[PDB]
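Colleague: quick one, fold the following:
(chains A, B, C and D, ligands or ions: 2)
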Amino acid sequence: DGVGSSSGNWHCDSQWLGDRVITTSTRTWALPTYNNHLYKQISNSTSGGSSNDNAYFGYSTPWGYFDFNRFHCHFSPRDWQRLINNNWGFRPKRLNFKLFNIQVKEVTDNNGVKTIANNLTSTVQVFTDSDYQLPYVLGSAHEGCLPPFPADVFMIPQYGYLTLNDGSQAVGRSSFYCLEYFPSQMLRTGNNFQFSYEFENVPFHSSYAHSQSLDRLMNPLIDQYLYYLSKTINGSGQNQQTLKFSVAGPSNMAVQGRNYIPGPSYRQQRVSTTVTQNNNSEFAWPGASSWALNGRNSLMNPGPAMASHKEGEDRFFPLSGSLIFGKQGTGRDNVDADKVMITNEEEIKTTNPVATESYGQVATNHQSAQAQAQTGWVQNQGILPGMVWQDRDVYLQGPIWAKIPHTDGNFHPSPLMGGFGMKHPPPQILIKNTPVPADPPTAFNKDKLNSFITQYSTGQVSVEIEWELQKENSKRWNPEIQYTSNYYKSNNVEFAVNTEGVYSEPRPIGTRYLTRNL
Amino acid sequence: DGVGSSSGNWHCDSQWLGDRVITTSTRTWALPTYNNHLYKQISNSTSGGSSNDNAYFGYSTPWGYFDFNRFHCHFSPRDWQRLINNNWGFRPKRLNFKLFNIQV
Amino acid sequence: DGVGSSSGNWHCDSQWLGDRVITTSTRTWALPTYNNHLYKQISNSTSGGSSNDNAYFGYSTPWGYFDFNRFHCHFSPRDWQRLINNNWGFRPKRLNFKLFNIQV
Amino acid sequence: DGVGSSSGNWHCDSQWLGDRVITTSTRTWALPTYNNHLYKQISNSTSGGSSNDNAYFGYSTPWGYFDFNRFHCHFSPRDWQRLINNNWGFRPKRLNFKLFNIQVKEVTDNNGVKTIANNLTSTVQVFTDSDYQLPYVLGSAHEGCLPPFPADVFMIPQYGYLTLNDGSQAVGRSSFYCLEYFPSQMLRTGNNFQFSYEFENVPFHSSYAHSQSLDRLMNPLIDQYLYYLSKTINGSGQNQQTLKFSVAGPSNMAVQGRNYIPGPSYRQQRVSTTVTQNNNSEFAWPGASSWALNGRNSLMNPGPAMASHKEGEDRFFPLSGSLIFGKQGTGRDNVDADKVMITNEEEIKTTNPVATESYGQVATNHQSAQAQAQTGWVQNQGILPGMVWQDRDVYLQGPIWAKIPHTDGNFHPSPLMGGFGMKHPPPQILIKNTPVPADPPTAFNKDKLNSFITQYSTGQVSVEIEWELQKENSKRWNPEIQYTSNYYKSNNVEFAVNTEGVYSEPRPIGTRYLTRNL
Ligand SMILES: OC[C@H]1O[C@@H](O)[C@H](O)[C@@H](O)[C@H]1O
Ligand SMILES: OC[C@H]1O[C@@H](O)[C@H](O)[C@@H](O)[C@H]1O
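Modeller: Numbering: from 1, shown residues only, chains lettered A, B, ... in the order given. Ligands and ions are numbered 1, 2, ... in the order given. See the structure here:
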């Protein structure tokens, strides 16, 4: 429209209908010029990397992008409480995105003194990758999200991507992408941008914990009509061999026949937060579970979903097998345990093997009169028919969706870090300040212009997501576990601003409070 | 229109139909003042040329001009590969040119 | 029809439409009598096999069968190049089979 | 249809309408199996060739093809006389082709004794290359035409083709063609084949000779108003220099201004049929005009059209510059002049330079008081604006059409051997006996079958061509030259059968008898 008109309004609320929740978030952003308007080849060579496991090849772009892919972008802590205490499930449905009130600014420096002024004719350009033709970086859990607290102003992160490498080198199959080779909308102050998106059908996240365990599903009062082998010897001494059979029943539940078995396992090393209980060695990398791809070792960072500890063992956690969030102000490198927050998957204990335990035991031989029966431990167990499992829980600090990789086959493509896997996730939204040349020379020169006006932009972003709810139908008589604030006096309010103005999230909050039968 | 409105959008893609290819290229340009707004007689004398084979007479203008007359203006290397591997022939048909978002 | 009429024509080409390829292959075959018109029990015993991993039991028939189940049956090397350089994917859709000009 | 019915009738006549001639020719053919049903790589290595100028790479095919591309296929000698004496021009219009009364036969040999029997269920397969997707060999002047005499039974020639080579080797750009990869019609006895073809617009062949020469086009009674430089010196002695100018007129015709000049020239070496007049050396190849392509030398066999000798010099002929036909029964290699027939282009003497002469003279310097005027001979002259020329004459023994090569550019693409150049000439008609296996073994073997029943086919071919005529409009008072038979007694009739049954063509017959003004 024009210089003097606002191109959009602040809309931050949430709206609870019967089976639907509509979250709306507005934030203020700032976009720098990245890479001096250049595309740059980057690799572990350009960054000085060494180990082959860390080698990479790729490109950094002048562009930047929006990430709303964490839940605290869309939910206040109160809204999150309201979701998790009342609902068995939820999934995203629709998306609405807006860019408005764009302001492009010019920075001039004289001597040690900078002046900022509006550049009214400068433009910002924006496009969504709707055909998913770019490397999709939103499914890796990155910084640069919209801030959880609506009054914070955030920097837009720089877009970059990786392609195939051999060491620091690239192969011929490596692909380079110019983001200028897409059509994009150009925006002066007074222009706005919007688009809508439909989430594809995704199952409801399970926001409940089971009130039954998979090995306890029997009627405790009644025998089975099945028999098991109770006794193989008639007693001490030579040549005592029998087959004795007993009814499996209430008194021996471990031996009863069952129709369903716990889900798959890939075993994690167990680490105690009580520190003297740990070995006196460096096992962090060496003792870690990992998978290998093309000679590279990638740590298996989230487990396949697994229970983080056994009952009462809460001090234990799987080495890499859980999500670790930092507290507010926690540094980058080598921080103590009290400065991070270790998620635990304890609720899926009912259907899922413990991350730090063997799946079970198998027979390793044929017994005989000569040979005793031998068993061995199953350290990793793939899918078996009859397995049943829960996915990893999702968190207010955590990711929402991932892009399912485009491949011939996948199994149960729920993202291992948690959330909703999608073949066509919310598309990437790319934004860039268009370069404005400084004064060119008065004689022609064929070289590309390397001299530009120093410039940055700011504005507002609205994200509106419609969420579908699955209500609790339970007949449970006794009251349930719910997420609560604690009444006891404290210097600060949890999930509130500091005395210095710093918003913090004191604890990770999962979704699983309400219960269901198994 | 106005100071605060963009007068055009960035369109750079290529579009492959059955017997047609449509290339679109968007670039950012800068235009200096040339010749201090003057027309100037120029010759090999003004440039110091000597040999008769190189002698010339003409004019330089304050104006400047657009040249999209090379193929890499319209074709990405991948698009060029896609053209040359699959086709016995090609020719240009239509042209559309735009100037927009002018900033003085 | 009759002794003096051809019951079919040779059709070997390939046809590239926009999203479809139609391959057609014609070959000349010869069919012997197998097993002297007999069904025969066969096993690794009848062939002299030994190891249990190789043991088998079955039947050989007087019949014979057609196998077009390799790609070079339907694609010339040039057609294969044309498929693999230009396309992210392909799948079979329809099939048409003919036997004609039989000569006993 | 059936075994007992004829699938077509013999139609050999010609039909003269007002401006149209329709020729119809029927012949009997025999088709062997070629290459034992195999495609074979062939090269100068496989044939033992040596010189790089003769090196080639290609394939021979089991297929064979029809060639009606000579005029004696469609015209009796009387019809040819009737064409050339009455018409200024003619061109082909339509084509109709038929294969019918196919007979496939089986050959069995016992000991030194062969038995031929019908194989009623065997088939012949036929297709036209209508999209011109095969190497086109009909535009090279080859044996294997339909015989000029309708009672002769002819063998179908074997189809083969060449692709790119380096020496005897092939490069990656070389292309291989399987003729089985085309659709073709299969024919038992009782099946027939036909197709129609439209000639594209081609200019009329010029069946006239000019009654004027390009340098005589002036009015002999009247002066020009132009002047020429008659005299550059005033006389003998020193310092005699003048410019004298005269009117060009009837008495000096060589110097008059003219609007049009003779056509282009590429000079041929002159050879006398009076043999003692020739040099005593081997000049056949060494003294020959040639063009070079990729390091190979190809003799320039037909000239660009040029006059074969000057007036009264008929004993002279251009080395390669004319078409040479063999007489009946003339051998393959090193035959005397009396056993061949040397065509002469003498009629185009009016507009075309003599093949064995220089085109003319050009100035090679600047004359001056110090330097005399110098000229040099033009041995080859390309097209100049204002040039005018006739194409090579066409012959009853000669070719009709050629395929214009498919290229970015060509100039005046009249075939140099004569006839009608066409971008889409009459298509190639390919024919093959379909292989019939002998008895296969009773155990399966994956090898292709190399054992076949010995087999060949015969039948009839009809070719019908409609020809458009251009009548003579001339106002010439005196009678003209016409082609005639000579009345004088001879042992044989010309263009008739021998006492042994051998048809022969005693002389080459061109088209140019009638005259036109220039
Ligand atoms: O390969 C050895 C290294 O492996 C890395 O992945 C690990 O983070 C480092 O601590 C080091 O142990
Ligand atoms: O290169 C020398 C040879 O060239 C051939 O083209 C010619 O026919 C031979 O006679 C021989 O002279």
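Colleague: what residues sit buried inside stretch A:461-476?
Modeller: For stretch A:461-476, burial by neighbour count (16 or more other C-beta atoms under 10 Å in any protein chain shown) applies to A:461, A:462, A:463, A:464, A:465, A:466, A:467, A:468, A:469, A:470, A:472. Backbone N, C-alpha and C define where each C-beta goes, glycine included.
Colleague: with those residues in mind, which one is nearest to chain B?
Modeller: residue A:461 (18.7 Å; C-beta to the nearest C-beta).
Colleague: burial check on residue A:23, number of neighbours?
Modeller: 22 (other C-beta atoms under 10 Å in any protein chain shown).
Colleague: name the SS class of it, please.
Modeller: Classification of residue A:23 by DSSP: H, G, I helix; E, B strand; the rest coil places it in strand.
Colleague: phi and psi next, for the nearest residue to it once chain neighbours are set aside.
Modeller: The shortest distance from residue A:23 to any non-neighbouring residue, by C-beta to C-beta, 6 or more residues apart in numbering or on different chains, is to residue A:74 (4.0 Å). With angles defined as degrees, to the nearest 10, residue A:74 sits at phi -100, psi -20.
Colleague: give me every residue that touches residue A:74.
Modeller: For residue A:74, the contacting residues are A:23, A:25, A:68, A:400, A:463, A:465, by C-beta atoms under 8 Å, 6 or more residues apart in numbering or on different chains.
Colleague: ok, and for the longest strand seen in chain A, which residues are buried?
Modeller: For chain A, the strand with the greatest residue count under DSSP state E is strand A:87-109. Residues of strand A:87-109 classed as buried: A:87-90, A:92-93, A:95, A:97-106 (neighbour count, 16+ other C-beta under 10 Å).
Colleague: which one of the contacts of residue A:74 sits closest to chain C?
Modeller: For those, the nearest to chain C is residue A:400 (29.0 Å; C-beta to the nearest C-beta).
Colleague: doesn't residue A:71 make contact with the closest one?
Modeller: Yes: under the criterion of C-beta atoms under 8 Å, residue A:400 makes contact with residue A:71 at 5.9 Å.
Colleague: list residues touching both of these two?
Modeller: Common neighbours of residue A:400 and residue A:71 (C-beta under 8 Å, 6+ apart) are residue A:394.
Colleague: in strands, which of the buried residues of stretch A:461-476 fall?
Modeller: Counting by DSSP E, the buried residues of stretch A:461-476 contribute A:461, A:462, A:463, A:464, A:465, A:466, A:467, A:468, A:469, A:470 to strands.
Colleague: residue A:70 versus the residue positioned nearest the centre of chain A, what's the distance?
Modeller: Among the residues of chain A, the one closest to the centroid is residue A:399, at 3.6 Å (C-alpha atoms, centre = their mean). Relative to residue A:70, residue A:399 is positioned 6 Å away (C-beta to C-beta, to the nearest Å).
Colleague: check contacts around residue A:402.
Modeller: A:139, A:415, A:417, A:419, A:420, A:421, A:422, A:425.
Colleague: and these near chain B, which?
Modeller: Applying C-beta under 8 Å from any C-beta of the partner chain, the subset of the contacts of residue A:402 adjacent to chain B is empty.
Colleague: burial count for the residue of chain A found nearest ligand 1?
Modeller: Here the residue of chain A nearest ligand 1 is residue A:285; by C-beta to the nearest ligand atom that distance is 3.2 Å. Neighbours of residue A:285 under the rule other C-beta under 10 Å: 11.
Colleague: is the strand or helix carrying residue A:62 anywhere near chain B?
Modeller: Per DSSP states H and E: residue A:62 is located in strand A:57-66. No: counting by C-beta under 8 Å from any C-beta, chain B is not contacted by strand A:57-66; separation bottoms out at 12.0 Å.
Colleague: and that strand, how far out from the chain's middle?
Modeller: 21 Å (C-alpha atoms, centre = their mean, to the nearest Å).
Colleague: what pairs with that strand, parallel or antiparallel?
Modeller: strand A:40-43 (antiparallel), strand A:158-163 (antiparallel), strand A:428-433 (antiparallel) (DSSP bridges).
Colleague: show me the contact partners of the second one.
Modeller: What that stands for is strand A:158-163. A:34-35, A:42, A:56-61, A:63-65, A:134-135, A:137, A:170, A:174-177, A:179, A:428, A:430.
Colleague: and these, which of them are buried?
Modeller: A:34, A:42, A:56-61, A:63-65, A:134-135, A:137, A:170, A:177, A:179, A:428, A:430.
Colleague: follow-up on the earlier one: mean neighbour count, the strands paired with strand A:57-66: which tops it?
Modeller: A comparison of the strands paired with strand A:57-66 by mean neighbour count, using mean count of other C-beta atoms under 10 Å in any protein chain shown, puts strand A:428-433 on top with a mean of 23.
Colleague: just the C-alphas of that strand, formatted as PDB.
Modeller: This file holds the C-alpha atoms of strand A:428-433, laid out as PDB (Å, rounded to 0.1, in the frame of the first residue of the first chain):
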ATOM      1  CA  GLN A 428      10.600 -23.500   4.100                       C
ATOM      2  CA  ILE A 429      10.100 -19.800   4.100                       C
ATOM      3  CA  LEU A 430      13.100 -18.000   2.700                       C
ATOM      4  CA  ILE A 431      13.800 -14.300   3.100                       C
ATOM      5  CA  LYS A 432      16.600 -12.000   1.900                       C
ATOM      6  CA  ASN A 433      17.400  -8.300   1.700                       C
END
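Colleague: and the angle from it to strand A:87-109?
Modeller: 10 degrees (axes from the mean of the first three to the mean of the last three C-alpha atoms, to 10 degrees).
Colleague: how far off centre is strand A:428-433?
Modeller: 22 Å.
Colleague: look up the closest residue to residue A:361, ignoring the ones flanking it.
Modeller: Going by C-beta to C-beta, 6+ apart, residue A:361 has residue A:375 as its nearest residue, at 4.4 Å.
Colleague: nearest to ligand 2: which residue in chain A?
Modeller: Counting by C-beta to the nearest ligand atom, chain A gets nearest ligand 2 through residue A:172, at 46.3 Å.
Colleague: that residue: how many residues sit nearby?
Modeller: Count around residue A:172 with other C-beta under 10 Å applied: 6.
Colleague: in the stretch 251-400 of chain A, which spans are strands?
Modeller: Ranges of strands within the stretch 251-400 of chain A are A:261-262, A:265-266, A:270-272, A:290-293, A:296-299, A:316-318, A:324-326, A:340-342, A:360-363, A:375-378, A:380-381, A:387-388, based on DSSP state E, counting those that start in this stretch.
Colleague: any chance of those strands in a markdown table, with mean neighbour count too?
Modeller: A markdown table is the format used below for the strands of the stretch 251-400 of chain A (neighbours: other C-beta atoms under 10 Å in any protein chain shown):
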| stretch | mean neighbour count |
| --- | --- |
| strand A:261-262 | 22 |
| strand A:265-266 | 22 |
| strand A:270-272 | 19 |
| strand A:290-293 | 10 |
| strand A:296-299 | 13 |
| strand A:316-318 | 23 |
| strand A:324-326 | 14 |
| strand A:340-342 | 16 |
| strand A:360-363 | 11 |
| strand A:375-378 | 12 |
| strand A:380-381 | 16 |
| strand A:387-388 | 16 |
